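Asks: Contents are compact mmCIF, C-alpha atoms; file name query_39.txt:
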# COMPACT_ATOMS: atom_id res chain seq x y z
CA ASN T 211 111.53 55.39 53.78
CA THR T 212 108.57 57.76 53.84
CA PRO T 213 105.83 58.53 56.38
CA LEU T 214 103.19 57.33 53.90
CA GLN T 215 104.32 53.79 54.73
CA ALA T 216 102.67 53.83 58.15
CA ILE T 217 99.54 55.97 57.74
CA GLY T 218 97.42 53.84 55.43
CA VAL T 219 95.26 52.42 58.20
CA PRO T 220 94.36 55.75 59.87
CA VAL T 221 93.76 57.61 56.61
CA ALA T 222 91.46 54.83 55.44
CA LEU T 223 89.68 54.83 58.79
CA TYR T 224 89.26 58.60 58.51
CA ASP T 225 87.86 58.32 54.99
CA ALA T 226 85.37 55.67 56.08
CA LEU T 227 84.20 57.67 59.09
CA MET T 228 83.79 60.88 57.12
CA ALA T 229 81.88 59.04 54.40
CA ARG T 230 79.56 57.62 57.05
CA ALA T 231 79.03 61.11 58.44
CA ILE T 232 78.34 62.69 55.04
CA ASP T 233 75.88 59.95 54.15
CA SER T 234 73.97 60.07 57.42
CA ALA T 235 73.78 63.86 57.23
CA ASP T 236 71.29 63.61 54.34
CA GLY T 237 69.13 60.53 54.68
CA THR T 238 68.18 60.64 58.32
CA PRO T 239 64.79 62.39 58.41
CA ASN T 240 65.14 65.69 60.23
CA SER T 241 61.56 65.58 61.49
CA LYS T 242 60.27 65.33 65.06
CA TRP T 243 56.87 64.70 66.63
CA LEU T 244 55.83 61.42 65.03
CA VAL T 245 52.09 61.85 65.62
CA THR T 246 49.62 58.99 65.17
CA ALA T 247 45.84 58.63 65.20
CA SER T 248 43.60 55.56 65.22
CA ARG T 249 41.39 53.90 62.60
CA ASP T 250 38.36 55.78 63.73
CA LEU T 251 38.84 59.35 62.76
CA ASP T 252 37.10 60.13 59.46
CA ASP T 253 39.93 61.37 57.24
CA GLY T 254 38.34 64.64 56.34
CA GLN T 255 38.95 65.81 59.84
CA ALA T 256 42.25 64.01 60.42
CA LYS T 257 43.28 66.49 57.78
CA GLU T 258 41.87 69.07 60.18
CA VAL T 259 43.80 67.70 63.17
CA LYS T 260 46.98 67.84 61.11
CA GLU T 261 46.26 71.42 60.07
CA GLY T 262 45.69 72.14 63.75
CA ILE T 263 49.08 70.84 64.84
CA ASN P 2 8.42 71.34 65.45
CA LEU P 3 9.48 67.71 65.84
CA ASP P 4 6.14 66.44 64.58
CA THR P 5 7.09 66.59 60.91
CA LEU P 6 10.76 65.53 61.10
CA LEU P 7 10.33 62.64 63.53
CA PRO P 8 6.90 61.03 63.22
CA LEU P 9 5.92 59.16 66.37
CA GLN P 10 4.97 56.30 64.08
CA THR P 11 8.61 55.88 63.07
CA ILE P 12 9.67 55.69 66.72
CA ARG P 13 6.93 53.22 67.60
CA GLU P 14 8.10 51.17 64.62
CA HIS P 15 11.80 51.35 65.49
CA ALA P 16 11.67 50.39 69.16
CA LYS P 17 8.85 47.94 68.32
CA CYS P 18 6.43 49.29 70.92
CA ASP P 19 3.38 49.88 68.71
CA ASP P 20 1.30 47.58 70.94
CA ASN P 21 2.44 48.91 74.34
CA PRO P 22 -0.33 50.92 76.03
CA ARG P 23 2.15 51.68 78.81
CA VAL P 24 3.94 54.13 76.52
CA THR P 25 1.26 56.73 75.90
CA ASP P 26 1.61 59.50 73.36
CA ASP P 27 2.51 62.14 75.94
CA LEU P 28 5.31 59.99 77.35
CA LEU P 29 6.77 59.26 73.93
CA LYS P 30 6.55 62.97 73.16
CA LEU P 31 8.49 63.77 76.31
CA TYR P 32 11.17 61.27 75.31
CA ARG P 33 11.31 62.52 71.72
CA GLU P 34 11.57 66.14 72.88
CA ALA P 35 14.07 65.59 75.68
CA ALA P 36 16.27 63.75 73.18
CA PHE P 37 16.01 66.32 70.39
CA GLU P 38 17.86 68.77 72.62
CA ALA P 39 19.93 66.54 74.91
CA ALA P 40 21.70 65.53 71.70
CA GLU P 41 21.50 68.87 69.94
CA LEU P 42 23.05 70.85 72.77
CA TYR P 43 25.66 68.14 72.49
CA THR P 44 26.41 68.92 68.83
CA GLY P 45 25.70 72.66 68.91
CA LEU P 46 23.65 72.65 65.69
CA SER P 47 20.31 74.40 65.47
CA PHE P 48 17.74 72.42 63.51
CA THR P 49 15.60 75.21 62.05
CA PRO P 50 16.43 76.36 58.51
CA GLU P 51 19.00 79.03 57.72
CA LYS P 52 18.84 81.27 60.77
CA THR P 53 20.65 84.61 60.85
CA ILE P 54 22.99 85.55 63.69
CA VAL P 55 24.40 88.77 65.12
CA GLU P 56 27.05 88.73 67.82
CA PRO P 57 30.08 90.67 69.06
CA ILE P 58 33.61 89.90 67.97
CA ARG P 59 36.93 90.10 69.82
CA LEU P 60 40.11 89.83 67.78
CA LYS P 61 42.73 87.47 69.19
CA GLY P 62 46.44 87.32 68.49
CA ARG P 63 48.77 89.91 67.05
CA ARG P 64 48.13 88.78 63.48
CA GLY P 65 44.37 89.09 63.78
CA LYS P 66 41.95 86.21 64.18
CA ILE P 67 38.17 86.11 64.39
CA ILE P 68 36.64 83.02 66.01
CA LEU P 69 32.93 82.85 65.24
CA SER P 70 30.37 80.57 66.89
CA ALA P 71 28.37 78.97 64.07
CA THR P 72 30.48 77.73 61.12
CA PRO P 73 28.35 80.17 59.20
CA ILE P 74 27.70 79.19 55.60
CA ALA P 75 29.16 78.04 52.27
CA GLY P 76 29.94 80.94 49.97
CA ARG P 77 27.93 83.82 51.44
CA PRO P 78 29.86 86.85 52.73
CA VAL P 79 29.86 87.43 56.45
CA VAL P 80 29.96 91.18 57.06
CA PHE P 81 31.47 93.17 59.92
CA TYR P 82 30.29 96.55 61.16
CA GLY P 83 30.68 98.91 64.07
CA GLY P 84 33.85 99.05 66.09
CA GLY P 85 35.79 101.75 64.31
CA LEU P 86 34.75 100.64 60.83
CA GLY P 87 33.80 103.34 58.37
CA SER P 88 31.87 100.97 56.15
CA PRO P 89 30.61 97.40 56.64
CA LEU P 90 33.32 95.04 55.42
CA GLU P 91 32.56 91.65 53.86
CA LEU P 92 34.69 88.53 54.29
CA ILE P 93 34.16 85.11 52.71
CA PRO P 94 34.40 82.11 55.06
CA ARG P 95 35.96 78.88 54.17
CA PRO P 96 33.57 75.94 54.12
CA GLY P 97 33.18 74.18 57.44
CA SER P 98 35.63 76.37 59.29
CA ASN P 99 34.60 79.25 61.52
CA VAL P 100 37.77 81.33 61.63
CA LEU P 101 38.31 84.52 59.65
CA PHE P 102 40.95 87.23 59.38
CA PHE P 103 41.29 90.83 58.25
CA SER P 124 31.50 100.59 70.16
CA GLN P 125 32.15 96.86 69.89
CA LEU P 126 33.06 95.00 66.72
CA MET P 127 29.97 93.13 65.51
CA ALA P 128 29.47 90.45 62.87
CA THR P 129 26.49 88.89 61.12
CA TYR P 130 25.97 85.86 58.89
CA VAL P 131 23.55 83.00 58.30
CA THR P 132 24.09 79.49 59.60
CA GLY P 133 22.15 76.32 58.90
CA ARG P 134 21.42 73.94 56.06
CA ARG P 135 19.64 75.40 53.05
CA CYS P 136 16.44 73.37 52.82
CA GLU P 137 13.79 72.49 55.35
CA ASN P 138 14.61 68.84 54.64
CA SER P 139 16.34 69.00 57.95
CA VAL P 140 18.93 67.09 59.99
CA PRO P 141 20.55 64.21 58.12
CA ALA P 142 19.96 60.56 58.94
CA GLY P 143 23.00 60.50 61.22
CA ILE P 144 21.33 62.80 63.73
CA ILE P 145 18.06 60.87 63.59
CA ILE P 146 19.69 57.47 64.07
CA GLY P 147 21.20 58.80 67.27
CA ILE P 148 17.84 59.92 68.61
CA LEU P 149 16.19 56.63 67.66
CA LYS P 150 18.87 54.74 69.56
CA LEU P 151 18.63 57.13 72.50
CA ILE P 152 14.84 56.87 72.69
CA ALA P 153 14.87 53.08 72.50
CA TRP P 154 17.32 52.93 75.38
CA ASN P 155 15.11 55.34 77.30
CA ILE P 156 11.81 53.51 76.98
CA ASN P 157 12.79 49.93 77.83
CA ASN P 158 15.76 50.65 80.11
CA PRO P 159 14.98 52.88 83.05
CA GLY P 160 17.66 53.48 85.59
CA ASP P 161 16.91 50.99 88.33
CA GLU P 162 19.47 48.16 88.00
CA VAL P 163 23.07 48.06 86.87
CA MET P 164 23.59 45.82 83.85
CA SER P 165 26.54 44.23 82.09
CA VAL P 166 27.50 43.23 78.57
CA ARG P 167 24.53 41.47 76.98
CA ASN P 168 22.22 42.87 79.58
CA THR P 169 23.50 40.36 82.07
CA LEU P 170 23.48 40.83 85.81
CA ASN P 171 26.78 39.98 87.48
CA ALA P 172 28.25 40.20 90.96
CA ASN P 173 31.99 40.86 90.84
CA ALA P 174 32.62 40.20 94.57
CA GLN P 175 33.79 43.83 94.43
CA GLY P 176 32.40 47.04 93.02
CA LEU P 177 30.02 46.62 90.13
CA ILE P 178 31.58 47.48 86.79
CA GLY P 179 28.51 49.47 86.28
CA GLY P 180 30.49 52.64 86.19
CA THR P 181 28.06 53.43 83.46
CA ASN P 182 25.65 51.05 81.87
CA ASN P 183 23.18 53.78 82.64
CA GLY P 184 23.76 56.58 80.16
CA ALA P 185 23.05 57.49 76.54
CA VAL P 186 26.63 56.75 75.61
CA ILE P 187 25.88 53.05 76.00
CA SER P 188 23.70 53.03 72.90
CA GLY P 189 25.62 53.80 69.75
CA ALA P 190 23.41 56.88 69.96
CA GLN P 191 25.88 59.29 71.51
CA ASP P 192 28.69 58.13 69.28
CA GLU P 193 26.68 58.44 66.09
CA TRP P 194 26.14 62.17 66.53
CA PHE P 195 29.83 62.53 67.22
CA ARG P 196 30.58 61.77 63.59
CA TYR P 197 29.37 65.31 63.11
CA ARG P 198 31.18 66.98 66.02
CA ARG P 199 34.53 68.34 64.73
CA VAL P 200 37.61 67.72 66.86
CA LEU P 201 38.66 71.28 67.57
CA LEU P 202 42.12 71.51 66.14
Can the structure from this file be put into structure tokens for me?
Replies:
Amino acid sequence: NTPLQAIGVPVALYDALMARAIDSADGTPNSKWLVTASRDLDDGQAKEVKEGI
Amino acid sequence: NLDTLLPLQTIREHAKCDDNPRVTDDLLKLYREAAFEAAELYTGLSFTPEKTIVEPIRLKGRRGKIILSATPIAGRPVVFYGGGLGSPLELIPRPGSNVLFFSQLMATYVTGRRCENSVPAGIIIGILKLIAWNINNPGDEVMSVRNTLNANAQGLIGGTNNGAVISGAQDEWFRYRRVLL
């Protein structure tokens, strides 16, 4: 007759949630500003636009 | 002087007007000369050979920045003088770009392309397209795609259809225009 009888479900839920958090911490790109040009920009200056931003 | 780097014979051969007596030599010269600067002003490139410059400079930003006005040259030191300098200082530009770093501050350099074999084919193709549009398309009627004449029961779509842009002329030169930043 011990408390560990009735805490399996929540401790497992906690482990799963914390594993999800740890994983998503590294793996979701931390970048913003998804910039996009069009197929008419002479890459040779699209390098220059990037260096501008 | 536009006689050696755009022979009227090449124009008369491009626009296929070598048998038109209604385009005299003076008229074609006026077209060729109003289109060698209406689409040079547009690109901001002189066409003469390497042509020195001298101009004032104003530093911008707390970390120092010198915006020039020519994209000077590849590998030749631009030098600064005056403006509290004790000796003319020489910087080296980076190719294509026109930004440098460290009683008005002056600067001198040499812009232009080395040889007299002047403006590349890109520039010329633009002029040829612009001339052709100019000689057989005066501005008197609004057109539509495939030189058709429509109606629209509302405003003509002829917003334009009457400007260099139409010919791939204007857009050719752009290939050499540099999207600032």
Asks: Using all atoms listed in the file, find all polymer residues with an atom at most 10 Å away from the point (23.4, 57.8, 63.4); report them as a ChimeraX atom specification.
Replies: /P:141-150,189-197
Asks: Given a cut-off of 9 Å, which residues of chain P touch chain T, counting only C-alpha atoms, written out as a ChimeraX atom specification?
Replies: /P:196,199-202
Asks: Residues around (18.7, 67.1, 58.0), cut-off 12 Å, counting only C-alpha atoms - what are they as a list in words?
Replies: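 Those within range, by chain then number, are residues 5, 6, 7, 46, 47, 48, 49, 50, 51, 133, 134, 135, 136, 137, 138, 139, 140, 141, 142, 143, 144, 145, 146 and 197 of chain P.
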Asks: To one decimal place in Å, what is the distance between CA of residue 223 (chain T) and CA of residue 239 (chain T)?
Replies: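 Computing it gives 26.0 Å between the two atoms.
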Asks: What's around residue 30 (chain P) at 12 Å? Count all atoms listed in the file, leave out sequence neighbours fewer than 2 positions away in its own chain, and write the answer as a PyMOL selection string.
Replies: chain P and resi 2-4+7-10+12-13+24-28+32-37+152+156
Asks: Nearest to residue 158 (chain P) among P:184, P:84, P:94, P:73, with distances taken over all atoms listed in the file: which residue is it?
Replies: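 That would be P:184, the residue with the smallest distance to residue 158 (chain P).
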Asks: Excluding same-chain residues fewer than 5 positions from residue 131 (chain P), what lies within 12 Å of it counting all atoms listed in the file, as a VMD selection string?
Replies: chain P and resid 47 49 to 56 69 to 80 94
Asks: Taking 3 positions as the minimum chain separation for residues in the same chain, which residues sit within 7 Å of residue 83 (chain P) when counting all atoms listed in the file? Answer as a list in words.
Replies: residues 86, 124, 125, 126 and 127 of chain P
Asks: Do you have the CA of residue 129 (chain P)-CA of residue 57 (chain P) distance handy?
Replies: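 For CA of residue 129 (chain P) relative to CA of residue 57 (chain P), the distance reads 8.9 Å.
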Asks: Would you work out the distance separating CA of residue 15 (chain P) from CA of residue 153 (chain P), expressed in Å to one decimal?
Replies: 7.8 Å
Asks: Box along x, y and z, 4 Å on every side, all listed atoms of region 239-248 of chain T inside: centre and edge lengths in Å to one decimal, as JSON.
Replies:
{"center_x": 54.4, "center_y": 60.6, "center_z": 62.5, "size_x": 29.5, "size_y": 18.1, "size_z": 16.2}
